[PDB]
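Please read through the structure below; I'll follow up with questions.
Chain lettering (A, B, C, D, E, F, G, H and I) follows the sequence in which the chains are written, and residue indices restart at 1 in each chain.
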């Protein structure tokens, strides 16, 4: 698994690979790890597929009930609901979730939630097994307030290297762009990112 | 260690021409020690017959449970239980104890009173329905019974001919099993009558 | 709170009577008459159907005579729905005994258990009592042919011949007049039909207004057999006795 | 066990083998692995056979009650959501690995569910011991915008690969076709490429071969 | 004996007075509301009355956003209205989580009517003195109007009316659908369907409205929304340039 | 009128009154008189004990809650035992969990909430006792009057019970005098003894009749009875 | 384990139970009566876990006696054995099972025939002419299979048990300190005080 | 008939809940309290009836804080008001625990609203004898609410309840008419003092103490704080100047 | 909070009458007339759709409901009470039978389950009886076709033909004259329309009358093909057009 979310000038972009494995066999090579919990709040999923799907479904339920009563929730609020489930059920869950959402006031925000159940607000966050191989690359190439063109290239180059070295990562690079304009789905095939 | 290998014993069922047959050994044991030569494993509730293998305490318990349930069924429905319906009753009763199961191998045999259709069914310890048109086997000599039935069996056998098939399949399988034997009994089920025959076999 | 609306179902009257039990017994006295007669070679159960129509399917109808066990049966007087609740629990209890001891439940033990459930609703719970009076007809290897009766209070007694429902005072007098200890089932069948016909509030006692059952040990079998009479079988025996 | 699911232009098709095993011994040579959630939503089971049968009938019962409550045709996403939440609660102890497919007012759908409660969506899926043999054929011959007949051929070929190559699979091929505007056609024993050859000898015993000690008539009538 | 009119038990006539008195509580607010279906939309119109000058006009509302698709207008006291609003929102969220799809308008109505039936049968839970009108554009049934009452009764409507002057609006709508012969309002845009609903509110009640006198809820495909005071004002200019 | 709305505490009257609470308040007026008063350094409780017979003992009126807090009762003694026991536990909870002496103001809030829960639910009755809580915390000396209604008021001086208006009028008149009695416990006691004597009508205060308690700056809550109150007679 | 033996002859059921109670390294008692009277004509012997063995036996005794008072009637040996079996069947799947092996020795007054039942801790009932629990059967069964007849007298049954005990006292490594022998017939339950040198 | 006012959840023939209306009478009998919404915050003020000189000044605090940004003031049965604030504090902590952000005022208003309405649904519970004026500053501006015994609440430019609610509302209506652009935080505190002094004329037989609190975005950083010292005395002097 | 109504609301009066049952039966009498007729090869159940408003769609309100593919139900009395009973009847068919025996319950046993729920509403604490009488028509393999009436008391009776509601006394008398043990399904529908016409005051057409049958299996309504033993539901609700076609031959 190789997942990341990067804040930029106009908002935030979430990125993921499409490989889920059962041992050394790829059970699904076209997986969507970028899950919507609210209109402009999305999450990246790593670890147990059954756990992360169950958490995201409960968060989507909580945020739907929130919107019915109080209106559009903040990214911090969504990250808090994710954390509450992850922290309180830490003994039974294996989930590494990156929470990224767009706000009109707060712009783009990224919150990473590792195994333990802690929250960390970051300009950008990398997670999954493949993220270990790109810690050096991302720290040297990341800049604040990049353009959409630059951020897509940054995630595309990072995840391509993550896929290259990690056996658990692979398939296609999926991207979700969160700005004031709306939600944009992006996809990049092996024939493109492997030769970068 | 294995609860299905403490007591021993085997049950076999077969279909024929307008008839079904069910057979079992009479052995009850405690590991190597032989305890009883009269432990019958076939029971009947109306016209539906049930053979149970495995742990003997569960064999007795389930017999008392299915007698409990078929009696209440008969009072409510105002009719006898049917082989197809009883098969589902066994399946649901076994799955009710999914995480604390009865260590058994139940076998349903009988003829539908309305259609005249011969019916046999098999179950694991947790209640998976094994509905085969030919034969159903269960017990500590299941491998021995599978080899006997696959070779000896032929479709549409007469009640007198099917008796010879099921008896030879049971006896020669029991003689290759340490935990099976000590007498045998065969039921020949027909639409109108049921014949019970005790078989002469090795007593070792 | 809710104290205002509480009728207090489980309290004594100044006289020492239970209001709801006495009023339930009043409800039974309007229901169809059920008569049980115990003979030397069997038991007879006869009951009069309350409120009948021409378009009522009698062949599939069961409102008074119910089967609890292979050896035990009941005659119902009062609320049919309340009876089926108790009849179901009695069926479970009979099977619980059979599972425990591998023997058929003795009649009295089944009667006592049902009567104890009736008593429960009389002492605690704050709920209304069961408006049902049973006649128990059963057989066991201890006492043989047995006849019991239980009412909303939870009191049960043994009988040679008893009537529940409407016109019991008149029915019991007729039974006490013609009953003898050396009776045969065929004679008991006649007495049960004659007593009902004389106590009927309707014009004539016909087959479509009756439920009939006999519990006999077959001489050519050696086992006790229950026989709930079909609409045609009731019609036949009604002519044989001399009622037509 | 080999189970597959293939999406075509106007619906979805599922297929399975008919071999049930208790270890290395075949228990059933012709069992039904294609189960029915609802009239137009069908399920293929792998793993613990008692678990797959019961979880299908439980959710199928609840789907029927939901359909009657809402006055609407059952949806695949409904059957999917109820199956995954049930399997997640038991933390994988209920060994049910399912391929659920069907048609509804929203269209055609194909999903796969694992015992722990994870779900996957695709155009071609395979589960069981013969999954790798089936997927190999699926990855080689699958194309976008398949016709009905092409989908039946592709799914059946994938199952055959399980029959011949995987030891946990064998015997016959069961197929179920689910089209958008039509009734679902369940094809029991669509292919029978494993017919037992005639025995070299008849083993019919002469009457009186087995020795009988005692004989009696059993009483059925009460 | 005389407590049959105090709790939800049958009277000698076979009536339930507590339910009947809960119907009377619905007219306590003295507010009329109507609902109509368009070609691909559903519109609810409710009277907005602000008696006290110290009140915040933006907070005075009887139209609720239950989910993304479903909206609800209530006739009756606001404490019971918000009780039914919160429950409906909770039921809507749970349905989506459990069954994987958005709860339909009729299903929510049936669910809320089932709960209202419980208060009609069980003694300790009093009936809510409110009438709930649910509106949406269902993905299967299209534009939908479903109304629930304290009795636990619910049914679908081509168009409905609720309030003290309900019969005046009901007969006014009845005479239009007898004239037009179709069951909906034949118009493409929702704006003109709102215009229709306001015009017939004026014709039936016999009262002119300002931007603050009305409250509008519009249901479209995949969205329900309430109009602001200036949105209603724009709609009132359009109908004024016709009469 | 009154007969229809006094059946239980849950029922409101047409005027908005709670008669069961009002009847619980009447139990205090029937009870024996007790006086509470304070200055800037010390807080004093003076209570008149009541006996059934001349052969009976005088029932205690003052209960110690903590080393820095205590109260006097007027009305039902078992109800005072329950409320004082709860206050003993609340003082104990603060000292064990937070290592903190419970504020007398917060102690009044806790007694308010516990009394309130008895007035809103069915089956329950209001407490039939009035309490005068004194204490010394981080903000100095305190005196609080507890009422079964839940109303708790912080006061310089107060009196509850039978004929308690006489003592209350005295303390209201002597307000400027006893407030300035700082660093002198004995003179504050005498101000309370003269206060409780204004409520006397049946008999005079004697040796085994009077009950006095004090808590202050360097004085833990101690109760004086019998021989220890003889010098104030 | 302790020695528990049973034999059903023509008119009676004979039970033989070992007298020794061993805890760890020492024999604490050599005169323990490992049997309980459930009813006038029904006797039960027991062996197994230290605490469970007596606790279960007295629990069954209390229930049968409760039934006898309520119904003013003695349950048949079959009805008693079925009750015992169900209790052990319920116990085997509980939090902590009764590790008790029992022999039911009763005389049916209605049938006028002796009856012997063998139930282990799992709840496995079997009606037998002769029965044993634990390792007892390994030494005794061959002697019982050889000499036993259904028409044997009480005197003949005692001689066969004597032969069974002599084999146990020779080949079995444990010293069970002899046996207490009890007869169950139509007249009730009596104890054979002279088996030490019969 | 009659007796519809005896039980809580019972509907009267005209569709009313008399027990709730009876709880309103307890509020009307209580002390007058007010709330003023300004251009960036809210100002709360309450009357404090001095029963005796024995009452310690500035000690018996009536205005309560919920969370760190909400201020609550109520009229009627004071213990009932505390019970509502205790629930409000539990509900606010539950919101912050799950959603991280402090509870919005409209969000908090409904939480109290649903709880008070719940006490009108059963005959086992008594309706709240308080009308609570509350509010604060959240994500989008300031909010002021007033909650009734029925559970009914609305947003307010100015709120008034208690003994002198009529005089208070009349003076609050003048402020809305004279200041359409919006009153300031400094002006609202001074005015809140004037409103009570004029509303005290309804209970002028007894002496009273003034208690003011405020929550302003620019003055108190959006947090609830009590008006103390010079600012409190400046408010008293402003009210004492315009009373004559 | 907490239900303090733990006592019975239905109690025996001095005369022996159970008040709440009698008053519930009175509510049934005020209800719209519904009827049921059993033929040799089917059962028919019919009722009038009493619309509260012409603006309201009568299609959305179904007085006749499917319980199982072989069993249907109709009522007279309180609509909301019927709807919740159908929800419970559908659930009890699965929970108490289908999840046990793998097949749908016979008519008589499902009727018994519904009757039990209605009996409990007479004895349990803090509840009133259901203000409805139900007519349940169904088919099973071993009993054939059957029709049952379930009352608020929880009592049930099997019927050849019966009617409940407003003009039930007049309808039963009409049914007694026209019914015979040799009636065909199409004949039973003909009498059903004739009997219901006497009760209906206003418009008598396929839009104002709700009718359903329990007859032959419908393979076109099953939804799937493949299993030979599965032949389709026996319950079929007649459409507005199907009713109008039989009204022309009245």
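As a working rule, a contact is a pair of C-beta atoms (placed from the backbone, for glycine too) under 8 Å apart; a residue touches a chain by one contact, two chains touch by 3 or more.
Q: State which chains count as neighbours of chain D and simultaneously of chain H.
A: The common neighbours are A, E, I.
Q: Treat each pair of touching chains as one step and give the shortest count from chain B to chain F.
A: 2
Q: Taking a step as a move to a touching chain, how many steps at least join chain D to chain F?
A: 3
Q: Between chain pairs B-I and C-H, which one is joined by a greater number of C-beta pairs in contact?
A: Top pair by contacting C-beta pairs is B-I.
Q: By CA centroids, point me to the most central chain in this structure.
A: Of all chains shown, the one whose C-alpha centre lies nearest the global C-alpha mean is I.
Q: Could you put a whole-Å number on the gap between the CA centroids of chain A and chain E?
A: Whole-Å distance between the two chain centres: 42.
Q: Need the CA-centroid distance for the pair chain A / chain G, whole Å please.
A: The answer is 72 Å.
Q: State, to the nearest whole Å, the distance from the C-alpha centre of chain G to the C-alpha centre of chain I.
A: Distance between chain centres, rounded to whole Å: 63 Å.
Q: Could you tell me the distance, in whole angstrom, between the mean C-alpha positions of chain D and chain G?
A: Roughly 54 Å separates the two chain centres.
Q: Among the residues of chain D, which ones contact at least 2 other chains?
A: In chain D, 69, 85, 222 touch at least two other chains.
Q: Out of chain G, which residues touch more than one other chain, so two or more?
A: There are none in chain G.
Q: Dump the list of chain pairs that touch, please.
A: Listed in label order, the chain pairs in contact are A-D, A-E, A-H, B-C, B-D, B-G, B-I, C-E, C-F, C-G, C-H, C-I, D-E, D-I, E-H, E-I, F-H, H-I.
Q: Given the complex with chain C, which residues does chain I contribute to the contact?
A: Its residues touching chain C are 4-18, 38, 108, 112, 115-116, 118-119, 122-126, 143, 146-147, 153-162, 172, 175-176, 179.
Q: Which residues of chain I touch chain H once you look at their complex with the stated criterion?
A: 1-2, 4
Q: Can you tell me which positions in chain D touch chain B when the two form their complex?
A: Those in contact with chain B are residues 20, 22, 25, 27-31, 48-51, 53-54, 93-94, 199, 202-207, 209-218, 220, 222.
Q: Which residues of chain E touch chain H once you look at their complex with the stated criterion?
A: 2-3, 5-7, 18, 21-28, 52-56, 58-60, 77-80, 82-83, 86, 124-127, 129
Q: Within their complex, state which residues of chain A touch chain D.
A: Going through chain A, the ones touching chain D are 20, 25, 27-28, 30-32, 48-50, 53-54, 92.
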